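Undergrad: 3D, please:
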Amino acid sequence: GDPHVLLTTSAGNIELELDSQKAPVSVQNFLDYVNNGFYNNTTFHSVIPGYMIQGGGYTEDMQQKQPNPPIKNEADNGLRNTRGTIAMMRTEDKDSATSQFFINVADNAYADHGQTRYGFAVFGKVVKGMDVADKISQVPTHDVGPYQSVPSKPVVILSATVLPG
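TA: Numbers count the residues shown, from 1 in each chain. See below for the structure:
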């Protein structure tokens, strides 16, 4: 039932299983970007070793692709940012998520919805290629300044494809 998406990256393949019942808006928004080729030639622009990898915002030359309007935050769905989950990145406002996402390489309780924090909405999980996500998190990065956490050699999503049901 739940849709699967294959991210074919320059570092290996990652397959995601998206949670349509617990994050319908987030899953539909992500699928629209995947199906329209938006994630093709985007990078994992920020990585933190053993903790997270973030992508879905920038080309190899760091130009930010213009995303669609933002979506409602579904972090009150009860899904936690545990190792292997995929969640929507956003700015200060809870309803500001657009195309950027992050894959949790460790359990990040600080990203979870609570009574005083709206949190980051989890909408799926890695079902194959978690070793690729771990490897991407460990690549050499620029260390200080505006490019802190940016991989020194671009990690590119060559294609993002919804798989047959």
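Undergrad: mind listing what residue 9 touches?
TA: 44, 132, 136, 155, 156, 157, 158 (C-beta atoms under 8 Å, 6 or more residues apart in numbering). (Each C-beta comes from the backbone N, C-alpha and C, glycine too.)
Undergrad: ok, now residue 75?
TA: The neighbours of residue 75, taking C-beta under 8 Å, 6+ apart as the test, are 94, 112, 113, 118, 119, 120, 121, 122.
Undergrad: State the helix or strand in which the most far-flung residue of the chain relative to its centre lies.
TA: Here the chain reaches farthest from its C-alpha mean at residue 115, the gap being 24.2 Å by C-alpha atoms, centre = their mean. Using DSSP states H and E, residue 115 maps to neither a helix nor a strand.
Undergrad: going forward, begin numbering at 26 instead of 1
TA: OK, 26 is where the count begins now, so the last one is residue 140.
Undergrad: which element is residue 127 on?
TA: Using DSSP H and E, residue 127 sits within strand 126-129.
Undergrad: Buried ones in that strand, by neighbour count?
TA: For strand 126-129, a neighbour-count test (16 or more other C-beta atoms under 10 Å) marks 126, 127, 128, 129 as buried.
Undergrad: Name every strand pairing with it and say which way it goes.
TA: Strand 126-129 sits in its sheet next to strand 77-80 (antiparallel), strand 110-113 (antiparallel), going by DSSP bridges.
Undergrad: thinking again about what came up before, return the members of the contacts of residue 100 classed as buried.
TA: 119, 137, 138, 144, 145, 146, 147.
Undergrad: Turn the residues you listed into a markdown table, columns for secondary structure.
TA: Formatted as a markdown table, the entries for the buried ones among the contacts of residue 100 read as follows, by DSSP: H, G, I helix; E, B strand; the rest coil:
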| residue | secondary structure |
| --- | --- |
| 119 | coil |
| 137 | coil |
| 138 | coil |
| 144 | coil |
| 145 | coil |
| 146 | coil |
| 147 | strand |
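Undergrad: show me what contacts residue 95?
TA: Counting by C-beta under 8 Å, 6+ apart, residue 95 touches 115, 120, 121, 122, 123.
Undergrad: Alright, that wraps it up for me.
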